[PDB]
Structures are given as C-alpha cells and as structure tokens.
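Coming up is one lone chain in structure tokens, specifically the form solved without ligand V55.
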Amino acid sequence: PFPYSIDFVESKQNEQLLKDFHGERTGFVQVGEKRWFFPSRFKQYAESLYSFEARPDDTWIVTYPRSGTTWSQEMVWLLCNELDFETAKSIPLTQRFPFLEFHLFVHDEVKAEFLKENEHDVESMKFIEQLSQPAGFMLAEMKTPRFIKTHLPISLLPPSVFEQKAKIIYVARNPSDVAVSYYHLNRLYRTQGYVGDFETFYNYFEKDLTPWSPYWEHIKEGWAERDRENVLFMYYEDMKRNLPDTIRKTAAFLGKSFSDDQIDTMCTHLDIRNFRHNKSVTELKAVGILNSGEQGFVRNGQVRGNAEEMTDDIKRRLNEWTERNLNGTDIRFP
C-alpha cells in the first residue's frame, strides 16, 4: 500500500512544463509532503516500485542525477566481481547494473515515435518495448547478487532495502556542477526532451520542478542515514580527488579485499583520461533515444568551477539557495 499522496502539478505550471519537456505528454506529479517530482507514469508504477523486494546481498547506488552515478556503478560492479574487466567491457552497464525506475520516463506517445524511427529493425523495437517494462521483473528473476541503480530518495526507496540491510552507496555532488550536468542530461535524453537554455532549466531546478527534486531534501535524507552500517555516503569531489582512498574505502565498506597492484589497475580504469573512452559513457545511441547532437558535453565536460553556461546572476542564486537550505546543518561540499 503506497503511503504518500500523488497529485498532478497545478494546471498552469503543468501546461508550461509540457511545453519545455517533450519527453512527457500527460503531465507531472508531486509525491507526499516533500513534493518529490516525477512524470505521470510514477502514478501508474508507485505501488510496484515501493513493494519491490530487496535482498540482503543487493548493492544499491542512490544519487541525485549526474552526481557521479555511472563512474560509481563501474567502480562498485568491478569491486564486487573480482575486478573482471573483461566481463565489465563485454556486458553493458545498464544490464550489469539495472536502473530500477527508468521505465517511468518512457511515455507511450514518445515510445511510438521511437518505434516509428526504428520500424524496420525488429530487435531495435523489442529493445525499445523492454525500456518501458520495469527492471524489477528481470531483477526478481536473478539468482546471483544484484546491482541496482536508483535516483529515488531514501523516503521513496522500497522499505525492503533498509529491512534487509542491503548495502547503499549514496553520492552527493555540489549543486553548481549538478545543475549544469543535469541540464545536459535533459538535452541528451529524448525521454526528458528538454528544448530550452540553461537559465530556464536552472529556474525549474531551483523550484524543485525537475525529476527526483527536491535536490536539497535528497541530499539531507542521504546525510541523515550515513551513520547506518549499510550506508556509505561520499561527496563526488572527494571521490574524484583521491582514487586510491576512494577505491579502498568503498572496497572495505563492501567487505572486499584487494592488493596494491589491484588498486592501481582500478585507479587506471577509473582515471578521467581512460573513463572518457569507457563504453558505459557512450544501445540507447543506436536506436536514437540519446540525442546525437548533444554529445559535446559527454566528450568535453565543463570548465571546472566556471561552466560557460554559468552567469554571475545564476552563480549568486546558487549561493543563496545553498545558504537557505544548508543553514543550521553540518553539510558542506568540499
């Protein structure tokens, strides 16, 4: 029984969101007192998501979007699979490390466009249809330890995750870098279908009218669980600043043990230079669900601490938003 209210966004805001977000064609919902933001299919799948059955040997990665999720998944999958680089290379990360709630973001009317554009390839069409099915069905069938990615906040996780004490890695990333990266995610994924500029996107993000917002409630919930024995909380910039410490610490949290030589191969694999050529960074592309015109940011990233999309006005608003939300907490980005 799904315990929280699911209400459509107020009529006029909902109308404006549909003008700017072409990946959704019915509308957007806000969930419970914190008003967690989702497209319409959340209402259809809320019960089946919430009653998903975690296992005590599951490894969950829980992040706000573009908070180091793909890099962490690659690091974690390898640490839990005896550094099997060959298997990691040959099987896509989306199969090795499925995304619990991706199916929320495949609207029937957008799916029909994808199918039209791939109508002459039966395998492409099966792939697209599967995107719209819950990952939970194939996860439930697995008889080996599972690796689950989600952006669902702590308060919307299946209660079975904490009941079973499944291990959770929570990664937090500073809101300036999240805003710019999440903007690019919204342009890259036609399931989002965002058409506007960075400033219009920041306006939505600051109002918690982007999926999995409120951002600050996401971070605070993660911070409020980090003391549990089955939760490891890290800041994105700390993880990237010291790969050897990140790898050892993560390995230790997961109950795994590796040599200096093994830690070194994992540092090489996860180095920004090599990771830029990793398959998990570049299937979605082949059926044209990724926008091939938006691979600029994928190839190049942002100028560190001064994204070209950033304006002094938006910088100042990010500072004030940060102050309002972190005042009277001990949360501090590196």
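Take the two forms, superpose them, and find the largest set of C-alpha atoms that agree within 1.5 Å; that set is the rigid core. Only residues modelled in both forms are compared. From 1 onward, residues are counted along the sequence shown.
Unmodelled deposited residues between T282 and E283: 1 to 3, per the record.
According to the PDB record, 272 to 280 carries the higher mean C-alpha B-factor of the two stretches 24 to 32 and 272 to 280.
For the pair 86 to 94 and 151 to 159, the record assigns the higher mean C-alpha temperature factor to 86 to 94.
In the deposited coordinates, the residue among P145, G222, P214, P175 with the greatest CA B-factor is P145. Note on the listed residues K116, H107, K165, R190: the highest Cα temperature factor in the record is that of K165. The PDB entry assigns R228 a C-alpha temperature factor belonging to the middle third of its chain's modelled residues. When the modelled residues of the chain are ordered by their C-alpha B factor, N203 lands in the middle third. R55 sits in the middle third of its chain by CA B factor, as recorded in the PDB entry. Among the modelled residues of its chain, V303 has a C-alpha B-factor that falls in the highest third, as given in the PDB entry. The PDB entry assigns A286 a C-alpha temperature factor belonging to the highest third of its chain's modelled residues.
There is another form of the same protein, the form solved in complex with ligand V55; it is not shown, and what comes next is about it.
Heavy atoms of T191 reach within 4.5 Å of ligand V55 in the deposited bound form, making it an interface residue. Although the partner is absent here, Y235 is not a contact residue: none of its heavy atoms lies within 4.5 angstroms of ligand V55 in the deposited bound form. Shown alone here, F102 lies within 4.5 Å of ligand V55 in the deposited bound form, counting heavy atoms only.
Shown alone here, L185 lies within 4.5 Å of ligand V55 in the deposited bound form, counting heavy atoms only. Candidate site formed by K149, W212 and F297: every one of these residues places a non-hydrogen atom within 4.5 angstroms of ligand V55 in the deposited bound form.
Note on the interface: of 94 to 102, 223 to 231, 200 to 208, 110 to 118, the segment with non-hydrogen atoms within 4.5 angstroms of ligand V55 in the deposited bound form is 94 to 102. In this core-based overlay, residues 279 to 282, 295 to 306 form runs of three or more whose Cα positions differ by 2 Å or more between this form and the one not shown.
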